[PDB]
Amino acid sequence: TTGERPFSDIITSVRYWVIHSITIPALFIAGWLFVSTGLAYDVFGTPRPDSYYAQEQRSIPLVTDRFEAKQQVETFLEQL
Amino acid sequence: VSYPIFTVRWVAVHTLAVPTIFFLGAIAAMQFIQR
Amino acid sequence: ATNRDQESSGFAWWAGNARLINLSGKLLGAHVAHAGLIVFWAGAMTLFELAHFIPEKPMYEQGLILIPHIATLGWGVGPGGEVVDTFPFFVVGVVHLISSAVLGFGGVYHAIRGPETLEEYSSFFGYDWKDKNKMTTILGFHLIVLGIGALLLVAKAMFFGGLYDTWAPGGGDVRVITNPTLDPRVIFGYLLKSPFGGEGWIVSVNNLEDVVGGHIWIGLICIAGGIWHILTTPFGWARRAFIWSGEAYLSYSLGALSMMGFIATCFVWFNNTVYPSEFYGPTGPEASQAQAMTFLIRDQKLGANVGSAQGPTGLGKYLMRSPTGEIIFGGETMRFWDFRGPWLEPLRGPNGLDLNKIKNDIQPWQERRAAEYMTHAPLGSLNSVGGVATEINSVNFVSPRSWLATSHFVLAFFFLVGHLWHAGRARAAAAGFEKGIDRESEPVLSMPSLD
Amino acid sequence: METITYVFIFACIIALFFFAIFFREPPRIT
Amino acid sequence: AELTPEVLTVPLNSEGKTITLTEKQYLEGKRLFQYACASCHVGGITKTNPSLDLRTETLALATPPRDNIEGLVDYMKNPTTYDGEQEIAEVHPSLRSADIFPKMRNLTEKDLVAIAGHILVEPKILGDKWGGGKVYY
Amino acid sequence: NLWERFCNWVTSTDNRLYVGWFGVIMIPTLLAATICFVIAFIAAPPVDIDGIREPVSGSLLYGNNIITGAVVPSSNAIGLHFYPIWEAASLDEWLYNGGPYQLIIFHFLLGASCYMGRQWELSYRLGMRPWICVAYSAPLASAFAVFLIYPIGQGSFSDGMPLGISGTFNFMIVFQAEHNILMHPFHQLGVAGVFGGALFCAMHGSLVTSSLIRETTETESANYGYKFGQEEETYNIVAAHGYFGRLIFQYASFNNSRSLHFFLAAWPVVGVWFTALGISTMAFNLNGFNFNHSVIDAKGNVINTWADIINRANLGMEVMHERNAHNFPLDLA
Amino acid sequence: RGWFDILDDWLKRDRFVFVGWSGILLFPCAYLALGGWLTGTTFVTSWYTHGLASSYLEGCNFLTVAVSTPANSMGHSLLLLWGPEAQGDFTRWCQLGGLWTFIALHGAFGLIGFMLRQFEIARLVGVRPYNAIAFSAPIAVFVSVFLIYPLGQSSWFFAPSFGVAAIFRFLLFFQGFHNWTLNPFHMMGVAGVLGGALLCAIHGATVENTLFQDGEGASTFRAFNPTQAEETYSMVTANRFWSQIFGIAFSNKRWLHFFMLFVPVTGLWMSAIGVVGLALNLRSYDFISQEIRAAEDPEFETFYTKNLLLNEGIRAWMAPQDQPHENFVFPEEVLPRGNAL
Ligand code: CLA
Ligand code: CLA
Ligand code: CLA
Ligand code: CLA
Ligand code: CLA
Ligand SMILES: CCCCCCCCCCCCCCCC(=O)OC[C@H](COP(=O)(O)OC[C@@H](O)CO)OC(=O)CCCCCCCCCCCCCCC
Ligand SMILES: CC1=C(/C=C/C(C)=C/C=C/C(C)=C/C=C/C=C(C)/C=C/C=C(C)/C=C/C2=C(C)CCCC2(C)C)C(C)(C)CCC1
Ligand SMILES: CC1=C(/C=C/C(C)=C/C=C/C(C)=C/C=C/C=C(C)/C=C/C=C(C)/C=C/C2=C(C)CCCC2(C)C)C(C)(C)CCC1
Ligand SMILES: CC1=C(/C=C/C(C)=C/C=C/C(C)=C/C=C/C=C(C)/C=C/C=C(C)/C=C/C2=C(C)CCCC2(C)C)C(C)(C)CCC1
Ligand code: OEX
Ligand SMILES: [Cl-]
Ligand SMILES: [Cl-]
Ligand SMILES: [Fe+2]
């Protein structure tokens, strides 16, 4: 009742599924490869399971300065 | 008939749905990560 | 499609089973198919439990709720609850699975293929909910069937191998019950006991002789009531007291089932006789008493005098007095001093726990049992992490007593809600205002003002 | 002194309950 | 941090000889510890006797010392008190009391070595959490 | 016949407050519970709740205000034992061991169950549909969970909720310590029920108030535009539907008033049913989710989550609650 | 006719999703707040700000994921991506908690956009704007809790993190440190929320059980037509029912629905006032008379004193891990414990 095609008319049509049987698996595989190639760790800075601590440390790397925080995180990452 | 395709509704639906399917693929891949 | 839409039936799809109220054949199909579902779950769940069963590990550590029921009947277990043969479990599972196939065939046949109404096909199988004689006759048939089932439990206990007895001399063992308590004083004194602490009503039945005698009484009473309702019509007071309709009978059964669900919750939580701790794990009271016993044993081995040891508040650290004078375990487990278990009763004298038998007569099997029951208390998380809520993730344990009690409290409460729903609706439909207030004849408009 | 105040306020609330139930404006159906 | 072979290197005997566990051996030891011991030894503490625990220092001061693989395997075969003056197999699980502790029936020598290795490796991983109780949760 | 006249009076709809047979049970039990509650809240002596001879004062005369005052639950030494007045040797002993709590909660639970039955009964006498009592079953289930089912599962009426404000807060905090109720899905469904109930209450009220038909002038209150017993609807349902359908989209808005009011009934009632069931299922110690030490790094170090912070708070509550009552390492009940 | 008027015509066009002028503020800000939360809970850690894992990528589930607040050393920094902390680096911005301030600021402006949408749609449709007035209470809650409370405190660190278990931590923090249950403004908030839920349930059940029979269907939902003029339920019958059950009853439908507006909105506003007080640590922590009595009399115990002991336990056992910037080292002997346990 607003000049748009009904959703039931769209999702029951064959052209919709011709498009979306391509697009929906492509996006799902794109997200899968975004995680499984390890790119998400690089983009968001999230540690891998071997990257939380150094080999013989138990201290959590915590940011303690405001305007040198970027350098402090870089120093944390240099210590592996 | 003669319905359009690329409306405001289309844009809203896809701005919600495209990242949703991408994120679902990402989390499904996360389920197979070992320590 | 007969009565299969809202226009002809008056009921929407979400109340679609209410379309079956006056279709006796399809209603019979729904019931038989649902019975097939119940038997299917029994068989399939038994086979699932058996496929993952490790016989040396205790049953209550393995998330089992159906194998303990078979083991309590004496099938497949030896002394101390040790599993000696898993084949009876397999037989029970597969016979239920095959019987569920038969019941599913019958339910499907009567639901979609058989006659929609049974009244034209047979006066015997046809019924009308308003015919009170036919309703009492069907109730009588089912009462006779239930009485036969109770006598089947009696027959298992007395002739076909016996039942597991956790109170048997020398640990729990499979025992044939040869002298069931037929005295009506004992049986109906269980019926008249208080439900509160120290009394426990029928949950407190603590020997298999009382259980078997009670089932003898239950079977005979059910068979006699079945014959009574086959041969007799409802009296005038019964005819004036009840609503006589299908929804009304459903609501009566819903209230009865809600009460039975609450009782089963209390039975599995407190009773360690018909739910032996060898199979279901210790009860909560049992585990608290086990912790007190364990640390009494440990500190007595270190040289402490457990009778004269004084806790932080001045009460006895290990031993104190109940409000009626009995010598009981100290600490918070003072609330659980009515607990009775076969590992604890050898230390009890006439005045409660006895200091001399505590000092000299605690056996290694009792210390083992106390430690095991202390460390398998019915406490755990929804994701099955054993222990208190502050415990870390290493122990995968929730007691089957917890699962059974919680699930059946949920079911009993929802069936009380269903009883209220259907009893109110049956009353309103009998009086004729279940669809709403008549605009022309609104009753409140004919009533005087309150003020 | 504070106990008397609490009991007084509670008793005033109960009296208000009485008047709101039994001496209400009658709902006059029009 | 990773599960390096230096982490998985533990004393074998009291003399000073050491062994290096594989990651499969360590994970099987953790699984068997959770199967047979964790109900009373979760986190390295003892539920039914909290004054003793599975810390490496506590095992080292035991008689005979239990801070090596061979001592822990011997304890799993013949448990004693802390001073080694009395045998406690009737109340503690063991191979010699597998009839009264059924979860010890199918434990092989490799299973005992893996459990002992898990006990010795866990403090090196968890710090004061192992045997620390609820303070270190 | 005197019995026929009494039956006519009991079931009479002309009484200012309906009695009914459920009310024949309800009035004495609720009167007894109310009178004993007022007397105990003002003047009861301290109660040894934990059974360790450590009396807790909850009445106003013994040093409490409205916030801190409570009727203290009965002694842990009593447990689930029935403790009426005649079971005590004297009134001093009955007051010391928390007998008033058992009297009040038993009379209240019976009276509130009969209140539910009375709601059905009056709906039947007025020709109403009968399910207001079903809606009332949700707070009644909550009261049963905190006053009866949780003591039964834990084995003592001392673990029931105290009849006071600060006692209620003590109950909440100790419950979170022992059961981690915040991580329980049934309590989360209950929070969704009450938050959604408040949301949909504000929403329905604002949407009806927004679409009121102009019947009054600017000086008078708009409430005088409605007359009691009038036949026409006092607001434009279509205008409210048009507003709310443009606020989100057309198919998220109710155009059916009956479906909307069923939803208003159903959402908080089902949510509160689930949270009452959560309290009962945690009474049998099926606790909320335990994710302590769930996240582990490659070596094996514990990586803390917010669940570990919640666990630290729960541990603080656990080691401080009932500080003298525990003699043994595990708080098994 | 003027570009402004043509743009106004396009923005106010009837659609599946109404846009309006308020949509320019609402849809980008609301979309970015929701997308930032989903992105943070899916991919972004809290390892450098709190020492926690808080994303699905690290192994947390739906209950334990959060977009955590920035580190306490950030203070009340806006933490703009181009600001002096991140310096345009997206990875460092995520690692420093910039997603938290991103979500908080975009959510605040999205809430503004949604209330402006309520005003604009009410103006176009032709109804009174009471829905926007009712929505002022969630806005007050969000502003007091997520903005005013951390601004009164030392940093954004003590604001709630956007996550389920993180919000549970926030609740337990307010109990342990603020004694927030004792606060009368929180008590008024609880009364408003529970009374709103009660009113919702009771009004829905009352309407559904006083319906007029307007059809022959046993399911009564089809017996209502939206264009009908008559009331669908009996107000007189409902009034008599509640007058005889409860003693009092509504007799004015307009007053009933205004009361349904009034109760939860007023409750939420009272709780927001209390949260402002807690932003300044102006707590209702203790009653001085009870504490003087308990200090001088070692036999005087109430439930309030027991709650104070519980708060001491919460603070001492929670603070070293909940506030890692303080570098709290509480030895085992200083931790307050009861006997045993
Ligand atoms: C235990 C669950 C259960 C059972 C036994 C029934 C049974 C029945 N429902 Mg029903 N229903 C249920 C749940 C159930 N319902 C639920 C949850 C809903 C809500 C969605 C409904 C909604 C509903 C509506 C709206 C209606 C019914 C109706 C009916 C009756 C006729 C169905 C029909 O015409 O089939 C037609 C369907 C089919 C032919 C599809 C195939 C169905 C078969 C049985 C599948 C069997 C699968 C199984 C694996 C086969 C095993 C065979 C093997 C043993 C040999 C029938 C007695 C109707 C009625 O009252 O009729 C008057 C009706 O109108 N139901
Ligand atoms: C032996 C038990 C029993 C029986 C025979 C009936 C029979 C009936 N009920 Mg009833 N009811 C019961 C118990 C029972 N009820 C209980 C315990 C409650 C309380 C919750 C109710 C509440 C109730 C209401 C509120 C209503 C009925 C109605 C009806 C009638 C139509 C039902 C229908 O079509 O459902 C169709 C089935 C569905 C729509 C499916 C519902 C799905 C459920 C609620 C969720 C189950 C979740 C599951 C257990 C766990 C998760 C599974 C996972 C896959 C997600 C029918 C006469 C209706 C009526 O009055 O008609 C006259 C009606 O409106 N019932
Ligand atoms: C509650 C169960 C129940 C009930 C009341 C009925 C009732 C009926 N069925 Mg039906 N049926 C059922 C279950 C049931 N069936 C099951 C499970 C199946 C699958 C095997 C069938 C398959 C079936 C078919 C294929 C036909 C019927 C027919 C009929 C009608 C006539 C039957 C007759 O004259 O008696 C006949 C009586 C007997 C043969 C005596 C049988 C005695 C049994 C074997 C003893 C079993 C012991 C004990 C009672 C049950 C143990 C299992 C228990 C633990 C669950 C009647 C309405 C007929 C019909 O409607 O015609 C139009 C028809 O053609 N039924
Ligand atoms: C499934 C079981 C079942 C069902 C549904 C029925 C159903 C019925 N029976 Mg019945 N009956 C049964 C089994 C059953 N019977 C058995 C096994 C026997 C043999 C002992 C009898 C013997 C029997 C007789 C002798 C009579 C009935 C009658 C009736 C009818 C009226 C019932 C009535 O008002 O009682 C409702 C209950 C009462 C009025 C009792 C008062 C309520 C008290 C206060 C409840 C107290 C219990 C409380 C909940 C606590 C529980 C514990 C307690 C034991 C301490 C009804 C059709 C009557 C009839 O019309 O028959 C023709 C009749 O006279 N029955
Ligand atoms: C209309 C919707 C809207 C609104 C209200 C906001 C609002 C905000 N965003 Mg945001 N954003 C939006 C859409 C929106 N965003 C979109 C669509 C994106 C995707 C590209 C982003 C991406 C984004 C990021 C990545 C970040 C923000 C941030 C911010 C916050 C700080 C912005 C700031 O300081 O610059 C304020 C800038 C202005 C008010 C512009 C002023 C323009 C006027 C007309 C003056 C004229 C200037 C003149 C012509 C040029 C001068 C030239 C020279 C002299 C300099 C603020 C709450 C930051 C944040 O959240 O920090 C935590 C942040 O890091 N936004
Ligand atoms: C409908 C009457 C009953 C009331 C239902 C109450 C519960 C509904 C809960 C809402 C969620 C589910 C909706 C029901 C859905 C339902 O019942 O389905 C039916 C409904 C209508 O489908 P049809 O194909 O019949 O109609 C499409 C029309 O174009 C026909 O002209 O479908 C939808 O709208 C699906 C949702 C997809 C569109 C989502 C758009 C998202 C984009 C962003 C929007 C932001 C809005 C907010 C801005 C501030
Ligand atoms: C009516 C209806 C309905 C329902 C239905 C039903 C409910 C049915 C049932 C059904 C059933 C209830 C079925 C059953 C089946 C079964 C079967 C078919 C089985 C078989 C078995 C077997 C084959 C076995 C096997 C084995 C063995 C021998 C041993 C080993 C293991 C195994 C498993 C391999 C519904 C809802 C859909 C709706 C519509 C209509
Ligand atoms: C097995 C056993 C036993 C036994 C048991 C018995 C013997 C039982 C019986 C039981 C019984 C014998 C029961 C009964 C019940 C009853 C009831 C449950 C009732 C109900 C009622 C009602 C429901 C009513 C109603 C009414 C009223 C209120 C009024 C008017 C109206 C009417 C009618 C509705 C013992 C324990 C020893 C042991 C274990 C085992
Ligand atoms: C931050 C940032 C940003 C943004 C971004 C975005 C905006 C994103 C988005 C995103 C998104 C937008 C995503 C999505 C997601 C989703 C998901 C992940 C979903 C999930 C779901 C599920 C899982 C479901 C569930 C359910 C429910 C809820 C209930 C019922 C059942 C079911 C299952 C159905 C930018 C670059 C601009 C700038 C810079 C920063
Ligand atoms: O009392 Mn009231 O809270 Ca139930 O847990 Mn054991 O007991 Mn006492 O501690 Mn924790
Ligand atoms: Cl406490
Ligand atoms: Cl204790
Ligand atoms: Fe309304």
# chains A, B, ... in the order shown; residues from 1 in each chain; ligands from 1
>>> interface_residues(of="chain A", to="chain F", cutoff="12 Å", atoms="only C-alpha atoms", output="ChimeraX atom specification")
/A:1-2,6-7,47-60
>>> write_last_selection(atoms="C-alpha atoms", output="PDB file, in the first residue's frame")
ATOM      1  CA  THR A   1       0.000   0.000   0.000  1.00  0.00           C
ATOM      2  CA  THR A   2       2.994   2.316  -0.468  1.00  0.00           C
ATOM      3  CA  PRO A   6       5.172  -6.855  -1.706  1.00  0.00           C
ATOM      4  CA  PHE A   7       7.886  -8.852   0.038  1.00  0.00           C
ATOM      5  CA  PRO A  47      45.005 -10.800  19.460  1.00  0.00           C
ATOM      6  CA  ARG A  48      45.319 -14.329  18.199  1.00  0.00           C
ATOM      7  CA  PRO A  49      45.263 -17.040  20.920  1.00  0.00           C
ATOM      8  CA  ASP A  50      49.085 -17.027  20.958  1.00  0.00           C
ATOM      9  CA  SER A  51      49.293 -13.212  21.103  1.00  0.00           C
ATOM     10  CA  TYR A  52      47.764 -12.308  24.486  1.00  0.00           C
ATOM     11  CA  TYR A  53      50.959 -12.776  26.501  1.00  0.00           C
ATOM     12  CA  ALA A  54      54.656 -13.160  25.977  1.00  0.00           C
ATOM     13  CA  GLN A  55      56.097 -16.603  26.679  1.00  0.00           C
ATOM     14  CA  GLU A  56      56.964 -16.028  30.352  1.00  0.00           C
ATOM     15  CA  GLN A  57      54.814 -13.078  31.412  1.00  0.00           C
ATOM     16  CA  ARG A  58      51.511 -12.898  33.261  1.00  0.00           C
ATOM     17  CA  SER A  59      51.021  -9.111  33.267  1.00  0.00           C
ATOM     18  CA  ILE A  60      48.179  -7.782  31.137  1.00  0.00           C
TER      19      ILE A  60
END
>>> select_by_dssp(residues="chain D", states="helix (DSSP H, G or I)", output="ChimeraX atom specification")
/D:2-22
>>> interface_residues(of="chain G", to="chain D", cutoff="9 Å", atoms="only C-alpha atoms", output="list in words")
residues 236, 239, 243, 246, 247, 248 and 251 of chain G
>>> write_last_selection(atoms="C-alpha atoms", output="PDB file, in the first residue's frame")
ATOM      1  CA  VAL G 236     -18.810  -0.660  32.752  1.00  0.00           C
ATOM      2  CA  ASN G 239     -15.151  -1.095  36.256  1.00  0.00           C
ATOM      3  CA  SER G 243     -14.425  -2.229  42.022  1.00  0.00           C
ATOM      4  CA  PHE G 246      -9.806  -4.594  44.304  1.00  0.00           C
ATOM      5  CA  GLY G 247     -11.996  -1.881  45.835  1.00  0.00           C
ATOM      6  CA  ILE G 248     -11.077   0.784  43.297  1.00  0.00           C
ATOM      7  CA  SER G 251     -13.908   4.793  35.273  1.00  0.00           C
TER       8      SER G 251
END
>>> atom_distance(atom1="CA of residue 101 in chain E", atom2="CA of residue 299 in chain C")
23.4 Å
>>> residues_near_ligand(ligand="ligand 1", cutoff="8 Å", atoms="only C-alpha atoms and all ligand atoms", output="PyMOL selection string")
chain C and resi 1-5+12-20+23+26-34+37+100-108+110-112
>>> interface_residues(of="chain G", to="chain E", cutoff="9 Å", atoms="only C-alpha atoms", output="VMD selection string")
chain G and resid 317 332 335
